[PDB]
Structure formats: C-alpha cells, structure tokens
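Asker: Kindly generate the corresponding structure for this input.
(chains A and B, ligands or ions: 2)
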Amino acid sequence: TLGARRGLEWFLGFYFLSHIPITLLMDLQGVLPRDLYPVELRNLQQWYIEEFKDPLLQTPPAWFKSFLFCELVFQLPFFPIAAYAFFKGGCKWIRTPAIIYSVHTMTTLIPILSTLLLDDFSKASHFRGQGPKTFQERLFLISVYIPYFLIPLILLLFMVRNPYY
Amino acid sequence: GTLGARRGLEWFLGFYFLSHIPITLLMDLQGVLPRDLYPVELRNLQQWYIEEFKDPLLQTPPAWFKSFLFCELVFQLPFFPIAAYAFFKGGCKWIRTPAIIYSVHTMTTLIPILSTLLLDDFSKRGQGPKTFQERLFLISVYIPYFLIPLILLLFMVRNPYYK
Ligand SMILES: O=C(CN1CCC(CN2Cc3ccccc3C2=O)CC1)c1ccc(F)cc1
Ligand SMILES: O=C(CN1CCC(CN2Cc3ccccc3C2=O)CC1)c1ccc(F)cc1
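Answerer: Numbers count the residues shown, from 1 in each chain, chains lettered A, B, ... in the order given. Ligands and ions are numbered 1, 2, ... in the order given. Shown next is the protein structure:
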C-alpha cells in the first residue's frame, strides 16, 4: 500500500486544511463575539440553522460550548500542523498527536449525534420549538456532523496500525 | 519510600483503575441501567447524594451525559482491569497507546461535565447548584476523573519505559 497510503494522506491533508475556514468562519460564531464576524457570515449561519434545523449552533448549550472552546484552543492550532505532515508524508512525529486529536473529536461527537437522534425537541423540552421534528430531518442534520466522526476514526485506525508511523 | 515517584504513580494508577470498577458498576451506571438490577439501598444511597449536593446530571440524566455513561459501560469498564494489571505489575509497554486513548477520551467527557457545573444555570429544569460553594462541592466529586487521566496522558506521552 503506497498509492492508497499516499492518497489517504492527501485526503487527510485537505480535511485539516478545509477545517480551518469551517472552524473560524462558521463554528466559532457560537463562542466568539458576533462583532468579530461580518454581517454576511452571520446571516450565512442563520441560513444553515433554518435549513437544517440545528438546535446546537443556535442557542448553544454549555456542554456544546465547552467543545467549541476545545476546538479553538486545541483543535484549531493542530489543523495547520496536521495538514503539513500529511501533505509532506513520512512525518512519524504526528502519530501520537493525531491519536490525541482523533479520540478527542470522536468523543465530542458521540453526545452531539446522540442528542440529534434521540433527544426530544418538543414544546415541553427546554429547546422550546427549534430542532428536527421528523426522522428524515434528524438524518439531514446528522449528515452534517457525521464526517467529523468518521474521518477521525479512519485516522485513528490508520495511526495505531500503520508501521510507517 | 524506596518505591520512588515513578513506581508510586504506577501503583496509584492501579488503584484508580481498580476502584473505578465498583464505582462505575454500583453508582455511575444507575443512570443508564434499569432500577431493578440495583438493590433499593444502593438507589436510596445515590438519592441521598443527589439531594444533598444538588447533582443536576445524575437526577435526570441528559442525552449527552447518558451517551458518556454508555461509553463507560462498553469502552472504559472492560479496560479498567487490563490497565490495573499493567500498572500493578509494572513494565508493560503495551499499555501506552491504549491508556493514551483512555486518557483523552475520559478528559474529553469530563470537560462538558465540569463546565456545566461551574457556569450553567439551574434556576428556571429540576434541582441544581445555586451558590458558588454548592458548585464547588460538585466539582470536587467530578474533578479526579479529569486530573488522574491527564496525569496518565502526560505519563505515557514521554516515559521512555513505555515507548
Ligand atoms: O461543530 C462542529 C463542526 N461543524 C462544522 C460545520 C457545520 C455547520 N455548517 C455546515 C454548512 C454548510 C453550508 C453552509 C453553512 C454551513 C454551516 O454552518 C456544523 C458542524 C464540531 C466539530 C468538531 C468538534 F470537536 C466539535 C464541534
Ligand atoms: O460519572 C462519572 C463519575 N462519577 C462517580 C460517582 C459520583 C456519584 N456519587 C458520589 C457519591 C457519594 C456518596 C454516595 C453516593 C454517591 C454517588 O452516586 C459521580 C461521578 C464519570 C467518570 C468518568 C467518566 F469517563 C465519565 C463519568
């Protein structure tokens, strides 16, 4: 495996590269002041909220805000370092850091995916109206979060086993 | 003593993983397992803790908190006896990557728990901490499950006896 191994490294590199605009421009809007973001980016996030009926990014809970702070202080600095190593290739120094990132991101998203799939968004619940009401809406919203669990899982199994790391 | 700091932490982690088995099985998993699997005295004992210290998570377990409790059943509890043996015996390089995975996972589960106790509002959703002293007591009973895994992560990242 030398062509499929490098192709996975290119895929991981773009995942950590494209995560920098996504985290900065769309995700950190839930913790950073709204005055740091232009009006266009703020209205773009409201489009997503009403299109996908996301209950977490609008009125973010304290447990979700803790993960967004973890994304700013820990995950965001690692994205540029991770993209370089996987683009370059052969960087054995990224194995243990990538295992730390993979388990961390997977752990944050288990409660996130379990909330969207099972938690109740009825009028009695604290969400009070917002959120997915049908099952097709729950899959529609889960599909936005599920990449950030599968790709870190691929990275985890790729780091623990591959003798090149 | 003549154990040293390095051996003393190996023993310390062993008793941490050892005592984690009864604590998880008899107290934690009451939030995800049926009531009948537990004697009424264990359920009333946990109820005393919930009423006294105003635990909001154990009272009515939220969906996010229940997902971590299931991770404790499926992932952490099977790992507890394996890690206790590796650190009691000593010199087990095979525990490095597994214990790192446990450390990051447990630390990550505890971050939203501690942040909710400290900063969230429990006024207008069941009982919860009101005073800073009440939040401080609740942080004291959850904080060891963040510090000890953090010490473990730092212990496995750069100990040459495990690489
Ligand atoms: O919260 C995350 C990751 N988010 C990544 C962005 C996504 C929100 N989207 C998707 C989208 C598409 C088109 C236009 C606009 C948008 C838009 O706004 C919602 C999950 C997270 C990732 C890792 C982690 F550890 C914790 C949280
Ligand atoms: O949830 C935990 C750890 N809990 C350990 C048990 C504690 C709940 N208590 C404390 C107590 C004292 C006296 C009588 C009864 C009780 C009683 O019932 C509350 C945190 C956790 C640990 C690691 C992890 F990864 C996820 C969760």
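
Asker: Which residues of chain A lie near chain B?
Answerer: Where proximity means CB under 8 Å from any CB of the partner chain, the interface of chain A facing chain B comprises A:61-67, A:70, A:96, A:99-100, A:103-104, A:107-108, A:110-112, A:114-115, A:118-119, A:126, A:160. Using the backbone N, CA and C atoms, a C-beta is placed for each residue, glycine as well.

Asker: Give me the buried subset of those.
Answerer: Among the residues of chain A next to chain B, the ones that count as buried by 16 or more other CB atoms under 10 Å in any protein chain shown are A:61, A:63-67, A:70, A:96, A:99-100, A:103-104, A:107-108, A:110-112, A:114-115, A:119.

Asker: how far away is the closest residue to residue A:105 other than its chain neighbours from residue A:130?
Answerer: Take residue A:105 and drop its neighbours on the chain: the residue closest to it by CB to CB, 6 or more residues apart in numbering or on different chains is residue A:152, 4.4 Å away. Residue A:152 sits 28 Å away from residue A:130 when distances are taken as CB to CB, to the nearest Å.

Asker: neighbour-wise, which of those two wins?
Answerer: The residue with more neighbours, out of residue A:152 and residue A:130 and counting by other CB atoms under 10 Å in any protein chain shown, is residue A:152; that gives 22 against 16.

Asker: And the residue nearest the centre of chain A, which helix or strand is it part of?
Answerer: When chain A is reduced to its mean C-alpha position, the nearest residue by CA atoms, centre = their mean turns out to be residue A:148, at 4.4 Å. For residue A:148, the element it lies in under DSSP states H and E is helix A:147-161.

Asker: Please apply the same query to residue A:165.
Answerer: Remark: residue A:165 resides in no helix or strand, with elements defined by DSSP H and E.

Asker: Can you pull the phi/psi pair for the residue lying farthest from the centre of chain A?
Answerer: The C-alpha centroid of chain A is most remote from residue A:124, which lies 29.0 Å away (CA atoms, centre = their mean). Taking degrees, to the nearest 10, you get phi -70, psi -30 for the backbone angles of residue A:124.

Asker: any idea how far residue B:2 is from it?
Answerer: Between residue A:124 and residue B:2 the computed distance is 62 Å (CB to CB).

Asker: Repeat that for residue A:88.
Answerer: With distances taken as CB to CB, residue A:88 is found 47 Å from residue B:2.

Asker: got a list of what residue A:73 touches?
Answerer: For residue A:73, no residue counts as a contact, taking CB atoms under 8 Å, 6 or more residues apart in numbering or on different chains as the criterion.

Asker: Nearest residue to the residue of chain A found nearest ligand 2 in space, please, no chain neighbours.
Answerer: Here the residue of chain A nearest ligand 2 is residue A:107; by CB to the nearest ligand atom that distance is 9.4 Å. Of all residues beyond its chain neighbours, the one nearest residue A:107 is residue B:108 (4.0 Å), with distances taken as CB to CB, 6+ apart.
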